[PDB]
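What follows is a single chain, given as structure tokens, in the form deposited in one PDB entry.
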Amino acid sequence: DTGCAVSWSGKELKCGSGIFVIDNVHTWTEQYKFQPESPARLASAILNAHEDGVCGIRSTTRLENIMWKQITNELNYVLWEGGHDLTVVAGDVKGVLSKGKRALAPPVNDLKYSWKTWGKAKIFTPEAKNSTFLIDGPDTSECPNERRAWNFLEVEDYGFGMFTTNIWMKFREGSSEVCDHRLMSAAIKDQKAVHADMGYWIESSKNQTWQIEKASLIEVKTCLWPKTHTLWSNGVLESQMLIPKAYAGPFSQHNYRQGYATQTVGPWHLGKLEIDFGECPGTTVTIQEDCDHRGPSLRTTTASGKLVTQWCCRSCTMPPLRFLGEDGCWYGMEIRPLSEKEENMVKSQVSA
């Protein structure tokens, strides 16, 4: 990547060729766009899956959800043109991007269509009912996660441009639990590391030791971070990774904070998050040994709206771990309350 850049301190201007790992969470421009295979191939794959027994699709990233919500009308029109009963319904992402257990195989015997691009102001075919293919949406029991397709698309090549850039997708050749590696990055220089993809930005630095310092999560995935794109992958213990392994956290020793264990019962149900180390406004945390053990992460403000003032921690390190959700301010699993009572506050909706 030929170009120029200024250092972190602003004292240098170095030009050359190498690898530039850019923040795509605070993206300076318009976001990437996912473009699918074709109206004919996707319809054939969906029809074959419905023949097999798959009742829907569960997305992997928010960009894929945008693509699915975008191509739904054309998919429905293509399905209606074949004179067979099936309806595709596209929902919204609410919380953690859950995972299915099925997949869409590359369809042989492609259907009949005349176009290869997307979008020509089609007609809204009336819902034929009696057969639906739910995409995303709320967690129901008629189409559980055990019969949904998940993690079957992958990058085939990037596009061109400066503001609007397209990414072209295609089906996978197998079933994998690992995240798509062509959307991910990792970099280290001097005393600053980073793990980045389209929806994660985990920043790490050295101050007498290497540990995580920031994390901006505009989505919560469930696939695995590939180890080919991970710094310092040796000797990693799964009980030490701050961002859990189950939520696409790097299998790295840069993903670590001293005094804290894995945050499995954090406020992951929010979706967008902001991991930072500090104190929520109006609260004080003190390290005292006469404290309770770990438990679900709690919000500083009760459902009524009263702010709890005093919190105590047993063996963590200041400043305390703090999550910035949309509704309020949360603490980690090691920071317990002593001002108010635990039974009268909001805890993490995630299952223990």
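For every residue, the number given is its place in the sequence shown, counted from 1. Between two forms, the rigid core is the largest collection of C-alphas that superpose within 1.5 Å.
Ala121 coordinate gap across at least a third of other entries | Counting only entries that model residues on both sides, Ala121 is unresolved in at least a third of them.
Among the other entries of this protein that model both neighbours of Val93, is it absent from at least a third?
-> No, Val93 has coordinates in all the other entries compared.
The following text describes the form deposited in another entry, which does not appear among the structures shown.
Superposing on the core, which single option in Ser304, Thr29, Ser315, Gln310 has a CA shift of 2 Å or more between this form and the one not shown?
-> Once the cores are aligned, the residue moving by 2 Å or more is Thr29.
2 Å or more on the CA of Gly161 between this form and the one not shown, with the rigid core superposed, yes or no?
-> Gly161 C-alpha, core-superposed: shift of 2 Å or more.
Tell me whether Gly161 and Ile188 end up closer or farther apart in the other entry, going by their C-alpha atoms; the shift is 3 Å or more.
-> Here the pair is closer than in the other entry; there, farther apart.
Have a look at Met162 and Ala187: in the other entry, are their Cα atoms closer together or farther apart than in this form, given the change is 3 Å or more?
-> Relative to the displayed form, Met162 and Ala187 move farther apart in the other entry - a change of at least 3 Å between their C-alphas.
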